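Only this structure's heavy atoms are used, side chains among them; waters, hydrogens and symmetry mates stay out. So you know, we letter chains A, B, ... as the sequences are listed, proteins then strands, and number each from 1.
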Amino acid sequence: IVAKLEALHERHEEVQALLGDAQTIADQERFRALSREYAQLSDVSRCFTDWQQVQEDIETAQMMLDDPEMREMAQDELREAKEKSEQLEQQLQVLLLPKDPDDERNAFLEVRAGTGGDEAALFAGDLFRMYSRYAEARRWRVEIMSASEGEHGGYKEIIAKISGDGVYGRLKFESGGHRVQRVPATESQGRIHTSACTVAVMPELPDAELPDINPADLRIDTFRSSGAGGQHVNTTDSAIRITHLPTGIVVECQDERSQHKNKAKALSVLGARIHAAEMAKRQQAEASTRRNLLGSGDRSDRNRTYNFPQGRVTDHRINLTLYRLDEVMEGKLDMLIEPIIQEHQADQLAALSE
RNA sequence: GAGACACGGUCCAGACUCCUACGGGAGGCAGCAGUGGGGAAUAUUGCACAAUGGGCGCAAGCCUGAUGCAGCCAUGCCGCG
RNA sequence: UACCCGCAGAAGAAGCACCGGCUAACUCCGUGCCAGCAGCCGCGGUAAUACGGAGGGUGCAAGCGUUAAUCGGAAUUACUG
RNA sequence: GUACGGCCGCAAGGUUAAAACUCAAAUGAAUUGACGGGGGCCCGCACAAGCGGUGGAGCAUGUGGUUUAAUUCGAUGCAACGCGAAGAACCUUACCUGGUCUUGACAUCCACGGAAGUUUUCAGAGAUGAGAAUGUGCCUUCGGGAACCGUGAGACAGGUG
RNA sequence: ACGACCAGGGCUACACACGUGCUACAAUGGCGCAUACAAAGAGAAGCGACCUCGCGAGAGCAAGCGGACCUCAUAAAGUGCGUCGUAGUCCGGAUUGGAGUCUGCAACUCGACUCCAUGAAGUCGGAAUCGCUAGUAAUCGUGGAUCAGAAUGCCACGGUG
RNA sequence: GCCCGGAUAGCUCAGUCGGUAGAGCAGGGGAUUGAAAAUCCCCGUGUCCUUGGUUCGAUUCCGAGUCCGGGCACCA
RNA sequence: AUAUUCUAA
RNA sequence: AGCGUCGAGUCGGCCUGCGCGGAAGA
RNA sequence: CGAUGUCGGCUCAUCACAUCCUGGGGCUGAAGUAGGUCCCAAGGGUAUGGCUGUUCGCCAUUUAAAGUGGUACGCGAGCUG
Ligand SMILES: [Mg+2]
Ligand SMILES: [Mg+2]
Ligand SMILES: [Mg+2]
Ligand SMILES: [Mg+2]
Ligand SMILES: [Mg+2]
Ligand SMILES: [Mg+2]
Ligand SMILES: [Mg+2]
Ligand SMILES: [Mg+2]
Ligand SMILES: [Mg+2]
Ligand SMILES: [Mg+2]
Ligand SMILES: [Mg+2]
Ligand SMILES: [Mg+2]
Ligand SMILES: [Mg+2]
Ligand SMILES: [Mg+2]
Ligand SMILES: [Mg+2]
Ligand SMILES: [Mg+2]
Ligand SMILES: [Mg+2]
Ligand SMILES: [Mg+2]
Ligand SMILES: [Mg+2]
Ligand SMILES: [Mg+2]
Ligand SMILES: [Mg+2]
Ligand SMILES: [Mg+2]
Ligand SMILES: [Mg+2]
Ligand SMILES: [Mg+2]
Ligand SMILES: [Mg+2]
Ligand SMILES: [Mg+2]
Ligand SMILES: [Mg+2]
Ligand SMILES: [Mg+2]
Ligand SMILES: [Mg+2]
Ligand SMILES: [Mg+2]
Ligand SMILES: [Mg+2]
Ligand SMILES: [Mg+2]
Ligand SMILES: [Mg+2]
Ligand SMILES: [Mg+2]
Ligand SMILES: [Mg+2]
Ligand SMILES: [Mg+2]
Ligand SMILES: [Mg+2]
Ligand SMILES: [Mg+2]
Ligand SMILES: [Mg+2]
């Protein structure tokens with residue numbers, strides 16, 4: 001975390017090379033993706049320099065006078081300066097806190113039973129409750145589209161839309177395996193069992209606007225229809241082939257004797273086929289996106305472990321362990337989320353162009 | 001030819017490599033060393049005919065990558081630090 | 001060249017595998033069904049003689065392990081049996 | 001005992017008969033149990049025979065849940081739920097909010113300075129802080145202490161974590 | 001500071017679900033008046049008589065008793081006589097208003113008790129389910145621990161049966 | 001494009017033809033069970049597709065749409 | 001006459 | 001208008017007449 | 001309606017220009033090469049196959065280019081069927 005904020009000072013000075021000189025002013029293109037990079041990590045740098053002024057003072061705060069007598073009375077002045085540097089860390093949060101429009105949008109919280117059968121399902125229930133209680137705290141509107149209840153309680157699957165301002169900015173990190181280690185409720189011998197649940201947090205995609213079939217994006221071919229119908233069918237351009245140039249979808253229609261009916265029928269079909277083909281892409285995109293977020297339901301594939309015996313939650317990607325499980329299960333998730341958002345932004349502002 | 005259907009002979013055909021004045025020619029490391037390649041992996045383009053053997057010779061000798069030796073490698077066995 | 005004699009000075013010369021059982025050799029720290037180990041049985045899910053390091057120990061030693069391959073153990077193709 | 005091939009068959013199929021791959025077992029008999037909607041024999045308000053309740057009402061009380069700054073922690077089939085608690089207004093109290101302390105509310109150890117106690121005032125929600133009178137006893141080699149209070153250490157105390 | 005001190009809050013929250021109790025729905029009863037018959041137990045910062053005052057909870061004054069002595073302390077169901085006459089009642093006593101009492105630095109959150117007023121649900125409880133074999137069940141009072149105060153709980157005690 | 005039928009509880013369906021809607025399965029609460037089913041008791045559930053009329057009053061009777069299903073779009 | 005089921009340390 | 005200089009007209013609306021473009025086929 | 005033979009192919013065409021190529025230009029978000037777009041221009045030129053009765057279309061491979069239309073969607077007293 002501190003090592004990352006050091007890497008900002010590494011990419012703070014090399015950029016701060018040209019102000020009113022002649023090197024990168026030749027092309028405004030490359031300069032545009034450089035001057036704007038400075039601005040983002042400039043606010044964080046100056047605030048970090050203020051924190052890098054207080055640390056070293058602690059190694060000369062123990063004894064400033066020399067003899068131990070007034071040192072403790074003098075330390076109270078440096079103790080107040082330590083409380084000020086604590087507020088600089090409280091600011092650090094706000095300077096990292098993300099400002100990307102994608103974070104503000106709403107989110108579909110999908111929770112599925114991993115390995116553990118009924119026990120997994122009971123813990124899906126405990127996770128969904130934990131998110132629900134976290135969603136109603138900060139005051140979001142959580143509502144259930146699809147539930148599949150387990151035999152002994154909980155859910156085999158629970159899909160809930162969580163609606164507010166900044167949902168997908170705080171729940172994006174819940175995606176993946178959640179491993180639970182406890183004596184289940186479905187357990188006769190008092191044995192500890194290790195179940196997992198998969199959580200997918202997918203952001204709300206702007207519904208799906210079925211667009212108008214622009215006639216300038218059509219090639220319409222008229223020609224003689226095939227088969228029976230005497231002189232009329234010999235001589236009449238009844239048959240329609242509408243080729244949609246964008247997609248490349250082509251629909252032929254010669255079911256009726258009138259070109260107008262055929263053309264009408266073909267536009268209808270070409271509509272249906274264009275609108276079915278794009279809704280297929282969306283399903284595939286969603287299916288693949290979900291597949292990746294979930295991972296396997298196996299106990300080995302996890303971002304977080306909830307060990308009830310020890311009352312330990314341990315996020316595995318930010319090697320963090322808290323003995324505050326009872327709190328976390330009641331939906332005080334800002335013990336776990338905050339750090340993850342810090343270390344995510346620490347990387348974003350460190351690696352943008354590189 | 002005593003002996004071969006002949007490793008470093010002949011003829012034909014074939015594929016491959018090379019030379020060519022384009023007409024035509026040349027060649028065969030499964031000797032020793034060595035090169036490329038293949039491979040988990042296997043050595044020096046030494047020295048000498050002094051010894052033992054072989055060819056020819058009356059013999060002296062000449063030839064002998066057989067052989068005797070050296071080089072390389074903990075590859076093994078044995079011995080010693 | 002083998003071998004012999006002289007000179008100086010401990011001087012120039014120790015590693016490799018293993019230590020849960022089978023199997024000779026045990027403890028501490030770290031990790032927390034992860035990372036990893038593993039010939040078989042198995043070990044590891046916050047008090048690990050089994051993982052990784054350390055200290056100690058055992059076995060081999062200019063080798064030591066691993067892998068491959070063969071017979072053995074296998075009376076598990078049995079002639080012996 | 002399957003595939004492929006062969007032979008047989010009207011067919012159904014039979015017959016002959018592999019391999020890959022996979023597991024560290026699979027298996028036989030017997031032993032101790034446990035279990036059976038197996039058998040036999042017994043017992044207990046276990047049923048039956050009775051009597052009175054609970055489940056509905058209002059209230060008490062505990063719990064789950066929900067709520068909350070906090071609703072402290074524990075008990076959870078029988079064998080948790082008027083249970084730990086034989087008694088939460090303060091105290092208790094472990095919880096929350098705010099105000100405070102840092103060898104420290106509670107111990108031992110050392111140095112320094114003071115007898116304790118006694119009344120009284122102000123500020124403060126109180127903790128606490130700042131004053132002012134008021135004593136300077138008890139053991140005594142009248143050198144020293146030990147009755148307990150302050151102040152400074154750093155060994156540690158402290159923790160219903 | 002996950003240690004320590006303090007004030008004030010909270011453990012008493014309330015769409016709801018369950019357990020354990022209490023009180024009822026009445027006439028084998030209610031109310032009024034009169035009147036019998038227990039056991040067991042507690043008591044010194046304690047139990048507190050008598051007398052006086054108060055509708056009452058209580059208050060004042062104060063004996064006695066570390067108790068087979070004094071106090072708590074009137075047992076109640078029962079019995080006799082009266083009334084009510086089957087009504088949501090002269091059943092039931094929730095809830096709420098007003099006015100008090102006492103404990104306690106302090107009863108707002110959050111005490112118990114008293115008085116006047118108020119007079120809810122409830123007319124014997126669906127599926128179900130509990131206890132009990134005799135001085136038992138059922139029903140009737142009585143005491144104690146904890147405790148300043150604060151039992152319908154608990155632990156004891158007799159009565160009727 | 002036209003035509004016939006349909007739109008009623010969460011799902012599948014009755015019903016009514018002017019007033020005052022049901023069923024089964026879901027759902028909720030209780031019970032039974034060591035627990036989950038099955039079972040048992042108690043409950044709730046609808047703007048009667050959307051509009052614009054007629055009417056004192058429309059789920060019901062008109063006239064539009066919308067969605068669904070079933071025809072048909074022919075003679076040549 | 002009717003009695004199904006019990007994952008995974 | 002042209003570039004303060006230069007020395008008579010000048011500017012763009014209205015009413016209306018006739019024309020111009022817009023105007024490619026076997 | 002006392003008959004004006006109807007698709008496509010074949011053969012043979014002929015005209016228009018709203019130009020596919022070649023010729024001449026303006027503008028270009030025209031550096032060059034190559035394009036875009038609009039104007040002028042009808043002299044000449046303007047695929048062969050696979051599939052399908054096909055017209056159309058898709059596909060293969062060409063070409064400077066494989067124009068768009070009219071002609072009883074030209075052409076059965078010319079062929080096919
Ligand atoms: Mg030869
Ligand atoms: Mg050769
Ligand atoms: Mg060679
Ligand atoms: Mg190689
Ligand atoms: Mg030679
Ligand atoms: Mg051993
Ligand atoms: Mg082997
Ligand atoms: Mg053998
Ligand atoms: Mg067979
Ligand atoms: Mg066969
Ligand atoms: Mg019975
Ligand atoms: Mg009740
Ligand atoms: Mg609790
Ligand atoms: Mg608990
Ligand atoms: Mg505990
Ligand atoms: Mg416990
Ligand atoms: Mg309190
Ligand atoms: Mg505090
Ligand atoms: Mg307090
Ligand atoms: Mg409580
Ligand atoms: Mg009454
Ligand atoms: Mg007492
Ligand atoms: Mg009533
Ligand atoms: Mg009655
Ligand atoms: Mg008995
Ligand atoms: Mg009683
Ligand atoms: Mg008491
Ligand atoms: Mg009794
Ligand atoms: Mg099943
Ligand atoms: Mg004109
Ligand atoms: Mg005629
Ligand atoms: Mg032209
Ligand atoms: Mg011409
Ligand atoms: Mg000319
Ligand atoms: Mg073609
Ligand atoms: Mg034509
Ligand atoms: Mg024609
Ligand atoms: Mg023809
Ligand atoms: Mg003709």
Is the distance from OP1 or OP2 of [N] to the nearest side-chain N or O of [X] less than 4.0 Å?
X: A/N307; N: C/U46; result: yes
X: A/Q181; N: C/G45; result: no
X: A/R224; N: I/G8; result: yes
X: A/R179; N: C/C34; result: yes

What contact category does [X] fall into here, base, sugar-phosphate, or nothing, at under 4.0 angstrom with non-hydrogen atoms?
X: A/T186; value: base
X: A/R79; value: nothing
X: A/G227; value: base
X: A/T194; value: base
X: A/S195; value: base
X: A/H193; value: base
X: A/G116; value: base
X: A/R302; value: sugar-phosphate

(request) Output the single nucleotide from D/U67, I/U6, I/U54 whose closest atom is nearest the side chain of A/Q231. (result)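 Selected nucleotide: I/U6.
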(request) Tell me which nucleotide among D/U103, G/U7, G/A8 gets nearest to the side chain of A/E72. (result)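 The answer is D/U103, which lies nearest to the side chain.
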(message) Anti or syn, where syn is a glycosidic angle within 90° of 0; which label fits D/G28?
(response)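 That one's anti.
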(message) Do A/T186 and A/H193 pair up side chain to side chain, a donor and an acceptor below 3.5 Å, judged on atom types alone?
(response)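 Not at all, the side chains of A/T186 and A/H193 share no donor-acceptor pair under 3.5 Å.
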Strand partner of [N], provided both Watson-Crick or wobble distances fall under 3.5 Å:
N: C/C4; result: none
N: D/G62; result: E/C18
N: E/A39; result: none
N: F/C68; result: F/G5
N: H/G21; result: none
N: D/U160; result: none
N: F/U39; result: F/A31

In whole angstrom, give me the gap between the [atom1] atoms of [N] and [M].
N: H/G2; M: I/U37; atom1: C1'; value: 39 Å
N: E/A7; M: D/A125; atom1: P; value: 13 Å
N: E/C116; M: E/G153; atom1: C1'; value: 32 Å
N: B/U35; M: B/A43; atom1: P; value: 8 Å
N: D/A20; M: C/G44; atom1: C1'; value: 35 Å
N: E/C5; M: D/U102; atom1: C1'; value: 12 Å
N: E/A151; M: E/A120; atom1: P; value: 28 Å

For the nucleotides [N] and [M], establish whether a Watson-Crick or G-U wobble pair is present, both distances being less than 3.5 Å.
N: E/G131; M: E/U89; value: no
N: I/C12; M: I/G74; value: yes
N: E/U23; M: D/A57; value: yes
N: D/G74; M: D/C35; value: no
N: C/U66; M: D/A34; value: no
N: C/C40; M: C/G21; value: yes

(request) Indicate yes if the six-membered rings of D/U134 and D/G135 are centred less than 5.5 Å apart and inclined by less than 30°, otherwise no. (result)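 Yes, which means the ring centres sit under 5.5 Å apart while the planes stay under 30°.
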(message) Could you check whether the six-membered base rings of D/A25 and D/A26, which sit next to each other in the strand, have centres less than 5.5 Å apart and planes tilted by under 30 degrees?
(response)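 So D/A26 stacks onto its neighbour D/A25: yes.
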With a 4.0 Å cut-off, would you call [X] and [Y] a salt bridge?
X: A/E143; Y: A/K161; answer: no
X: A/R105; Y: A/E204; answer: no
X: A/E119; Y: A/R182; answer: yes
X: A/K261; Y: A/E256; answer: no

(request) Mark up nucleotides 71-76 of chain F, 5' to 3', with B wherever a protein heavy atom is under 4.0 angstrom from a base atom, S wherever such an atom reaches only the sugar-phosphate, and - elsewhere. (result) --BSSB
(request) Would you please indicate yes or no on a ring centroid separation below 6.0 angstrom for A/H178 and A/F123? (result)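 Judged by ring-centre distance (under 6.0 Å), A/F123 and A/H178 do not meet the cut-off.
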(message) Please find the pair of heavy atoms, one from A/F48 and one from A/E6, that lie closest to each other, and give the distance.
(response)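 Nearest heavy atoms, A/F48 then A/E6: CE2-N, 4.1 Å.
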(request) Give the minimum heavy-atom separation between A/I337 and A/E174, together with the two atoms involved. (result)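 Between these two residues, the closest heavy atoms are CG1-OE2, 3.9 Å.
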(request) Could you tell me whether a side-chain N or O of A/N262 sits under 3.5 Å from a main-chain N or O of A/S238, the two making a donor and an acceptor? (result)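 Answer holds: yes.
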(request) Look at the side chain of A/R71 and the backbone N and O of A/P68, then say whether any donor-acceptor pair between them is shorter than 3.5 Å. (result)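 The answer is no, because no donor-acceptor pair under 3.5 Å joins these two groups.
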(message) Angle between ring planes, A/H12 versus A/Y38, binned at 30° and 60°: parallel, tilted or perpendicular?
(response)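 Plane angle under 30°, so parallel.
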(request) Using whole Å, report how far CZ of A/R312 lies from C1' of C/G45. (result)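 In whole Å, C/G45 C1' and A/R312 CZ are 11 Å from each other.
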(request) Send over the distance from A/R182 CZ to C/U46 P, rounded to a whole Å. (result)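 Rounded to the whole Å, the gap is 16 Å.
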